[PDB]
Structure formats: structure tokens, C-alpha cells
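Trainee: This is the content of structure01.pdb (PDB, C-alpha atoms and all ligand atoms):
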```
ATOM      1  CA  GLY Q   1      81.036  90.034 123.512
ATOM      2  CA  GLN Q   2      81.361  91.323 119.950
ATOM      3  CA  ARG Q   3      78.750  93.785 118.678
ATOM      4  CA  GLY Q   4      78.911  94.689 115.010
ATOM      5  CA  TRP Q   5      76.927  96.515 112.323
ATOM      6  CA  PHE Q   6      76.934  96.160 108.544
ATOM      7  CA  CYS Q   7      76.245  98.777 105.893
ATOM      8  CA  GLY Q   8      73.583  98.043 103.302
ATOM      9  CA  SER Q   9      76.244  97.020 100.778
ATOM     10  CA  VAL Q  10      77.335  93.823 102.523
ATOM     11  CA  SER Q  11      76.755  90.269 101.332
ATOM     12  CA  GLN Q  12      74.140  88.485 103.430
ATOM     13  CA  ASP Q  13      76.614  85.591 103.548
ATOM     14  CA  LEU Q  14      79.012  87.707 105.613
ATOM     15  CA  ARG Q  15      76.235  88.831 107.956
ATOM     16  CA  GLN Q  16      75.148  85.207 108.385
ATOM     17  CA  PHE Q  17      78.685  84.201 109.369
ATOM     18  CA  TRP Q  18      78.882  87.032 111.906
ATOM     19  CA  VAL Q  19      75.625  85.782 113.425
ATOM     20  CA  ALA Q  20      76.826  82.182 113.480
ATOM     21  CA  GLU Q  21      80.262  82.518 115.053
ATOM     22  CA  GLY Q  22      82.390  84.804 117.211
ATOM     23  CA  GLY Q  23      82.042  86.241 120.686
ATOM     24  CA  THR Q  24      78.501  86.951 121.867
ATOM     25  CA  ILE Q  25      77.070  88.249 118.599
ATOM     26  CA  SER Q  26      74.818  91.314 118.431
ATOM     27  CA  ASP Q  27      74.423  93.945 115.708
ATOM     28  CA  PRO Q  28      73.358  97.394 116.986
ATOM     29  CA  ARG Q  29      73.714 100.896 115.520
ATOM     30  CA  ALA Q  30      76.913 101.802 117.412
ATOM     31  CA  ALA Q  31      78.449  98.379 118.094
ATOM     32  CA  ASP Q  32      82.105  97.371 118.525
ATOM     33  CA  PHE Q  33      82.957  96.334 114.949
ATOM     34  CA  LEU Q  34      82.190  98.441 111.873
ATOM     35  CA  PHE Q  35      81.944  96.313 108.729
ATOM     36  CA  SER Q  36      81.367  97.320 105.114
ATOM     37  CA  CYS Q  37      82.112  96.159 101.588
ATOM     38  CA  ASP Q  38      81.954  99.720 100.258
ATOM     39  CA  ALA Q  39      83.209 103.214 101.020
ATOM     40  CA  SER Q  40      81.738 105.360  98.218
ATOM     41  CA  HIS Q  41      78.100 106.331  98.895
ATOM     42  CA  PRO Q  42      76.671 103.715 101.300
ATOM     43  CA  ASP Q  43      75.666 103.905 104.958
ATOM     44  CA  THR Q  44      79.408 103.725 105.686
ATOM     45  CA  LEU Q  45      79.770 107.472 105.067
ATOM     46  CA  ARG Q  46      77.836 107.946 108.321
ATOM     47  CA  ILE Q  47      80.881 106.461 110.061
ATOM     48  CA  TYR Q  48      83.565 108.398 108.178
ATOM     49  CA  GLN Q  49      81.890 111.732 108.986
ATOM     50  CA  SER Q  50      81.048 110.941 112.606
ATOM     51  CA  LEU Q  51      82.986 112.623 115.388
ATOM     52  CA  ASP Q  52      84.089 109.139 116.476
ATOM     53  CA  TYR Q  53      85.961 108.626 113.205
ATOM     54  CA  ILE Q  54      87.494 112.100 113.518
ATOM     55  CA  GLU Q  55      88.535 111.397 117.122
ATOM     56  CA  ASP Q  56      89.979 107.932 116.332
ATOM     57  CA  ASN Q  57      87.096 106.072 118.003
ATOM     58  CA  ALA Q  58      85.947 104.351 114.799
ATOM     59  CA  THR Q  59      87.758 102.246 112.203
ATOM     60  CA  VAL Q  60      85.826 100.710 109.308
ATOM     61  CA  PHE Q  61      86.939  97.192 108.369
ATOM     62  CA  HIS Q  62      86.122  95.492 105.076
ATOM     63  CA  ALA Q  63      83.479  92.834 105.681
ATOM     64  CA  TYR Q  64      85.600  90.333 103.745
ATOM     65  CA  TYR Q  65      87.491  90.048 107.034
ATOM     66  CA  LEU Q  66      84.681  87.633 107.909
ATOM     67  CA  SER Q  67      85.227  85.738 104.653
ATOM     68  CA  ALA Q  68      88.924  85.416 105.516
ATOM     69  CA  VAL Q  69      88.088  84.027 108.963
ATOM     70  CA  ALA Q  70      85.480  81.652 107.529
ATOM     71  CA  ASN Q  71      88.235  80.253 105.282
ATOM     72  CA  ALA Q  72      90.770  80.189 108.124
ATOM     73  CA  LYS Q  73      90.905  77.292 110.588
ATOM     74  CA  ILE Q  74      88.502  78.900 113.095
ATOM     75  CA  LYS Q  75      89.211  82.424 114.366
ATOM     76  CA  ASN Q  76      93.027  82.389 114.692
ATOM     77  CA  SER Q  77      95.340  84.483 112.527
ATOM     78  CA  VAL Q  78      93.600  86.840 110.067
ATOM     79  CA  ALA Q  79      94.798  90.117 111.573
ATOM     80  CA  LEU Q  80      92.321  92.986 111.406
ATOM     81  CA  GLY Q  81      94.822  95.533 110.110
ATOM     82  CA  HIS Q  82      94.764  93.954 106.663
ATOM     83  CA  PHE Q  83      91.071  94.809 106.249
ATOM     84  CA  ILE Q  84      91.175  98.506 107.138
ATOM     85  CA  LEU Q  85      88.668 100.123 104.770
ATOM     86  CA  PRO Q  86      89.587 103.804 104.305
ATOM     87  CA  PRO Q  87      87.371 106.418 102.630
ATOM     88  CA  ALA Q  88      87.168 105.864  98.883
ATOM     89  CA  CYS Q  89      88.528 109.361  98.229
ATOM     90  CA  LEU Q  90      91.837 108.105  99.656
ATOM     91  CA  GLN Q  91      91.997 104.634  98.123
ATOM     92  CA  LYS Q  92      93.225 105.728  94.687
ATOM     93  CA  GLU Q  93      96.281 107.378  96.246
ATOM     94  CA  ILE Q  94      96.834 104.645  98.851
ATOM     95  CA  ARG Q  95      97.147 101.983  96.150
ATOM     96  CA  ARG Q  96      99.562 104.037  94.043
ATOM     97  CA  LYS Q  97     101.760 105.014  96.997
ATOM     98  CA  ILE Q  98     102.038 101.361  98.027
ATOM     99  CA  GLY Q  99     102.449  99.986  94.509
ATOM    100  CA  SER Q 100     105.016 102.528  93.345
ATOM    101  CA  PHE Q 101     108.679 101.630  92.934
ATOM    102  CA  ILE Q 102     111.398 102.978  95.208
ATOM    103  CA  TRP Q 103     112.801 105.142  92.402
ATOM    104  CA  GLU Q 104     109.396 106.879  92.106
ATOM    105  CA  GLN Q 105     107.804 107.689  95.504
ATOM    106  CA  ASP Q 106     105.810 110.525  93.962
ATOM    107  CA  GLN Q 107     104.274 112.930  96.485
TER     108      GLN Q 107
ATOM    109  CA  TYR R   1     107.880  89.779 113.701
ATOM    110  CA  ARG R   2     106.251  92.635 115.613
ATOM    111  CA  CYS R   3     103.972  95.110 113.840
ATOM    112  CA  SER R   4     100.533  96.152 115.096
ATOM    113  CA  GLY R   5      97.742  95.528 112.618
ATOM    114  CA  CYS R   6      99.639  92.599 111.100
ATOM    115  CA  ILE R   7      99.695  90.782 114.451
ATOM    116  CA  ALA R   8      96.239  92.182 115.282
ATOM    117  CA  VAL R   9      95.026  88.705 116.249
ATOM    118  CA  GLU R  10      94.446  89.198 119.988
ATOM    119  CA  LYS R  11      90.849  89.119 121.182
ATOM    120  CA  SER R  12      89.062  92.307 122.297
ATOM    121  CA  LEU R  13      90.638  94.359 119.466
ATOM    122  CA  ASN R  14      87.879  96.126 117.553
ATOM    123  CA  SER R  15      86.939  99.262 115.621
ATOM    124  CA  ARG R  16      87.204 101.503 118.706
ATOM    125  CA  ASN R  17      90.521 100.139 119.986
ATOM    126  CA  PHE R  18      92.218  99.672 116.632
ATOM    127  CA  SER R  19      93.033 103.237 115.564
ATOM    128  CA  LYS R  20      94.683 103.861 118.937
ATOM    129  CA  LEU R  21      96.531 100.537 118.692
ATOM    130  CA  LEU R  22      98.482 101.467 115.554
ATOM    131  CA  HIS R  23      99.221 104.994 116.783
ATOM    132  CA  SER R  24     100.637 103.528 120.006
ATOM    133  CA  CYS R  25     102.817 100.983 118.195
ATOM    134  CA  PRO R  26     106.567 101.726 118.031
ATOM    135  CA  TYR R  27     107.012  99.812 114.750
ATOM    136  CA  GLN R  28     104.628 100.050 111.793
ATOM    137  CA  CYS R  29     104.805  98.450 108.361
ATOM    138  CA  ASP R  30     104.748 100.544 105.200
ATOM    139  CA  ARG R  31     101.183  99.580 104.260
ATOM    140  CA  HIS R  32      99.867 100.817 107.615
ATOM    141  CA  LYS R  33     102.123 103.880 107.593
ATOM    142  CA  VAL R  34     100.468 104.804 104.290
ATOM    143  CA  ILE R  35      96.872 104.075 105.329
ATOM    144  CA  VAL R  36      97.294 105.939 108.630
ATOM    145  CA  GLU R  37      98.756 109.026 106.949
ATOM    146  CA  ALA R  38      95.943 108.910 104.384
ATOM    147  CA  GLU R  39      93.280 108.634 107.084
ATOM    148  CA  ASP R  40      94.832 111.445 109.135
ATOM    149  CA  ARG R  41      94.621 113.719 106.083
ATOM    150  CA  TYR R  42      90.913 112.936 105.705
ATOM    151  CA  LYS R  43      90.227 113.534 109.402
ATOM    152  CA  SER R  44      92.199 116.786 109.350
ATOM    153  CA  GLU R  45      90.082 118.109 106.475
ATOM    154  CA  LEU R  46      86.827 117.368 108.314
ATOM    155  CA  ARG R  47      88.078 119.366 111.301
ATOM    156  CA  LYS R  48      89.398 122.222 109.164
ATOM    157  CA  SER R  49      86.103 122.276 107.261
ATOM    158  CA  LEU R  50      84.227 122.801 110.529
ATOM    159  CA  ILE R  51      86.533 125.608 111.673
ATOM    160  CA  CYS R  52      86.635 127.362 108.279
ATOM    161  CA  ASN R  53      83.380 126.867 106.364
ATOM    162  CA  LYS R  54      82.970 130.108 104.463
ATOM    163  CA  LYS R  55      80.638 131.984 106.858
ATOM    164  CA  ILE R  56      81.734 131.029 110.378
ATOM    165  CA  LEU R  57      83.280 133.977 112.205
ATOM    166  CA  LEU R  58      85.746 133.991 115.104
ATOM    167  CA  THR R  59      84.531 136.501 117.672
ATOM    168  CA  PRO R  60      84.445 137.043 121.479
TER     169      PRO R  60
HETATM  170 ZN    ZN N   1     101.643  96.539 109.908
END
```
Represent the structure of the file as C-alpha cells.
Mentor:
Amino acid sequence: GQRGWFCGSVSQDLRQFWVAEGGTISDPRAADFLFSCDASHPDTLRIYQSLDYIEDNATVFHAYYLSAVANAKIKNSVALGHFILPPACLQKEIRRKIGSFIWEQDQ
Amino acid sequence: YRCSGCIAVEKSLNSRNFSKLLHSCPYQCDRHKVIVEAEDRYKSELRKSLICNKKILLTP
């Protein structure tokens, strides 16, 4: 049983794969999996500013998680944590903080 | 190699369980330490926006 929704800005390919394979597939408003290929001004904002996101009851994953699984053997491997999709207002600083060298660590 | 989110392969893990998974995990990789701290900042500011606004008053 794996319910999952997709913001408007998601490739139909990814939605098709979700339909085709997984647990029992369903795609309601609330769901169990929150997928998106965007975090700027799509439907996804309605997650980020929900109380569930504030109270750690909602994590948005990048819908390319499904692409990674489709190009894996079946469903094995492909940990979710790699596809955490944070709010776009954070991403600029997340990249830099990760990319920076040890002699920099600017903050 | 143990590190939640990088070994997040087990079934039943989803968007409701995940945030609590990492927080509960004794050992976290740098990438997820960064993302978590970044997300906590965002969530803090939503809360502090609700409690501050510019008009909301604190009165019994
Ligand atoms: Zn990790």
C-alpha cells in the first residue's frame, strides 16, 4: 500500500511508472509519498507551508526517485534520503555548504 | 555502513515516516546533516511568523 501525489510540474513518465509498479498504487490529495520535480512556485508549496511539514509529518521527495528506481534492477537500493527535495529558498545555501572546502565552511 | 536516509531502502518508509527517521538516527552523513538543519530553519521561520506577524497581540 503506497499512496502518492504529484505536483503539476512532474513528467507524465514518472507518474506512469508510479501507476505501473510499487505497492498498491493510489494517488490521493494527502497520500503517503509526496513527489515533485520543483520547489519554486508549483503545487508543492502547499506541502511546505502545511502544518504537516512544520510538524515533521511531510517530506517532499524529488520525483526522479522514480526514474532512479526504473533504472535500478526492480525496487531494491535507491534510498529515499538522496531525493529529499527541500524548499527552493534553501537549495542555494545547501549546495554551497556541501560543495565548500574544509578550509572554507562559511556560515 | 549505517546512516539513515542512505540506507533508506526498507519498505514502508515514506514521506510521513522519513523526517522522524533521520531525527531518530544516531549517525547522520554530512549531506543529511546539512539538509536537516536547512529544513529546520525553514520550519522555525514559519512558526515564528505565525507567533509574530506584525499585528498579533499576546493578551489574557
Ligand atoms: Zn545519510
Trainee: Any idea what's packed within 6 Å of range 5-18 of chain Q, counting only C-alpha atoms, ignoring anything in its chain fewer than 2 positions away? Could you give it as JSON, numbers by chain?
Mentor: {"Q": [20, 21, 27, 28, 34, 35, 36, 37, 43, 44]}
Trainee: Expand the PyMOL selection byres (((not hetatm)) within 6 of (chain N and resi 1)) into the explicit residue set it covers here, and present it as an MDAnalysis selection string.
Mentor: chainID R and resid 3:6 28:29 32
Trainee: How would you write, as an MDAnalysis selection string, the residues chosen by the ChimeraX specification (/R :<12) & /Q on this structure?
Mentor: chainID Q and resid 1:5 22:24 30:35 47:62 65 69 75:100 105 107
Trainee: Separation of CA of residue 64 in chain Q and CA of residue 25 in chain Q, in Å?
Mentor: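 Here the two named atoms are 17.3 Å from each other.
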Trainee: Report, in Å to a single decimal, how far apart CA of residue 29 in chain Q and CA of residue 71 in chain Q are.
Mentor: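 One can read the CA of residue 71 in chain Q to CA of residue 29 in chain Q distance as 27.2 Å.
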Trainee: Need the axis-aligned box for range 83-90 of chain Q with 4 Å each side, so what are the centre and edges in Å to one decimal, as JSON?
Mentor:
```
{"center_x": 89.5, "center_y": 102.1, "center_z": 102.7, "size_x": 12.7, "size_y": 22.6, "size_z": 16.9}
```
Trainee: One decimal, Å: what's the distance from CA of residue 68 in chain Q over to CA of residue 1 in chain R, could you say?
Mentor: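 Atom-to-atom, CA of residue 68 in chain Q and CA of residue 1 in chain R are spaced 21.1 Å apart.
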Trainee: From the block you just saw, export range 1-32 of chain Q: N, CA and C atoms, as a short mmCIF file (atom, residue, chain, number, x, y, z; two decimals), in the first residue's frame.
Mentor:
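Output file selection_10.cif is given in full below:
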```cif
data_model
loop_
_atom_site.label_atom_id
_atom_site.label_comp_id
_atom_site.auth_asym_id
_atom_site.auth_seq_id
_atom_site.Cartn_x
_atom_site.Cartn_y
_atom_site.Cartn_z
N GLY Q 1 0.80 -1.21 0.00
CA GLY Q 1 0.00 0.00 0.00
C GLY Q 1 0.84 1.26 0.00
N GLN Q 2 0.92 1.91 -1.16
CA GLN Q 2 1.73 3.11 -1.33
C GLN Q 2 0.92 4.15 -2.09
N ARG Q 3 0.34 5.10 -1.35
CA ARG Q 3 -0.37 6.23 -1.93
C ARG Q 3 0.62 7.36 -2.18
N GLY Q 4 0.44 8.06 -3.30
CA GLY Q 4 1.35 9.13 -3.64
C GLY Q 4 0.78 10.15 -4.60
N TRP Q 5 1.04 11.43 -4.36
CA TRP Q 5 0.58 12.51 -5.21
C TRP Q 5 1.76 13.14 -5.94
N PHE Q 6 1.44 13.88 -7.00
CA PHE Q 6 2.45 14.53 -7.82
C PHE Q 6 2.02 15.96 -8.13
N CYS Q 7 2.92 16.92 -7.91
CA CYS Q 7 2.63 18.29 -8.27
C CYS Q 7 2.46 18.40 -9.78
N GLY Q 8 1.93 19.54 -10.22
CA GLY Q 8 1.72 19.74 -11.65
C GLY Q 8 3.00 19.60 -12.44
N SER Q 9 4.12 20.04 -11.87
CA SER Q 9 5.40 20.04 -12.57
C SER Q 9 6.13 18.71 -12.36
N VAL Q 10 5.51 17.64 -12.85
CA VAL Q 10 6.12 16.31 -12.85
C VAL Q 10 5.91 15.69 -14.22
N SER Q 11 6.96 15.08 -14.75
CA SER Q 11 6.86 14.37 -16.02
C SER Q 11 5.80 13.29 -15.94
N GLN Q 12 4.96 13.21 -16.97
CA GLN Q 12 3.96 12.14 -17.03
C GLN Q 12 4.62 10.77 -17.02
N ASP Q 13 5.84 10.67 -17.56
CA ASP Q 13 6.58 9.42 -17.49
C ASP Q 13 6.67 8.92 -16.05
N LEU Q 14 7.09 9.80 -15.14
CA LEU Q 14 7.25 9.41 -13.74
C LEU Q 14 5.92 8.97 -13.14
N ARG Q 15 4.85 9.72 -13.42
CA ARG Q 15 3.53 9.32 -12.93
C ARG Q 15 3.14 7.95 -13.48
N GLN Q 16 3.40 7.71 -14.77
CA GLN Q 16 3.09 6.42 -15.36
C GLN Q 16 3.81 5.29 -14.64
N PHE Q 17 5.10 5.49 -14.33
CA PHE Q 17 5.84 4.46 -13.62
C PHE Q 17 5.25 4.19 -12.25
N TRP Q 18 4.90 5.25 -11.52
CA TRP Q 18 4.26 5.08 -10.22
C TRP Q 18 3.01 4.23 -10.34
N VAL Q 19 2.18 4.53 -11.34
CA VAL Q 19 0.98 3.72 -11.59
C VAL Q 19 1.36 2.27 -11.84
N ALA Q 20 2.41 2.04 -12.63
CA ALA Q 20 2.67 0.70 -13.13
C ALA Q 20 3.22 -0.22 -12.05
N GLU Q 21 4.03 0.30 -11.13
CA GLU Q 21 4.81 -0.57 -10.26
C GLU Q 21 5.01 0.04 -8.88
N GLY Q 22 4.96 -0.81 -7.87
CA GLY Q 22 5.17 -0.46 -6.48
C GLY Q 22 4.28 -1.32 -5.59
N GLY Q 23 3.97 -0.80 -4.41
CA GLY Q 23 2.94 -1.39 -3.58
C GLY Q 23 1.59 -1.19 -4.25
N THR Q 24 0.48 -1.37 -3.54
CA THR Q 24 -0.80 -0.98 -4.13
C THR Q 24 -0.75 0.52 -4.42
N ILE Q 25 -0.91 0.88 -5.69
CA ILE Q 25 -0.72 2.26 -6.12
C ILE Q 25 -2.05 2.98 -6.11
N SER Q 26 -2.03 4.20 -5.58
CA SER Q 26 -3.15 5.11 -5.48
C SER Q 26 -2.52 6.49 -5.38
N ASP Q 27 -3.24 7.51 -5.80
CA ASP Q 27 -2.70 8.87 -5.82
C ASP Q 27 -3.74 9.87 -5.34
N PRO Q 28 -3.93 9.97 -4.01
CA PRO Q 28 -4.88 10.95 -3.46
C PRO Q 28 -4.25 12.30 -3.11
N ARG Q 29 -5.04 13.19 -2.49
CA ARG Q 29 -4.54 14.50 -2.11
C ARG Q 29 -3.48 14.40 -1.02
N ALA Q 30 -3.75 13.62 0.02
CA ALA Q 30 -2.87 13.53 1.19
C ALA Q 30 -1.77 12.49 0.98
N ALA Q 31 -2.16 11.24 0.73
CA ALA Q 31 -1.23 10.20 0.31
C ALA Q 31 -0.16 9.85 1.34
N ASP Q 32 0.75 8.95 0.95
CA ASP Q 32 1.90 8.55 1.76
C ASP Q 32 3.22 9.07 1.22
#
```
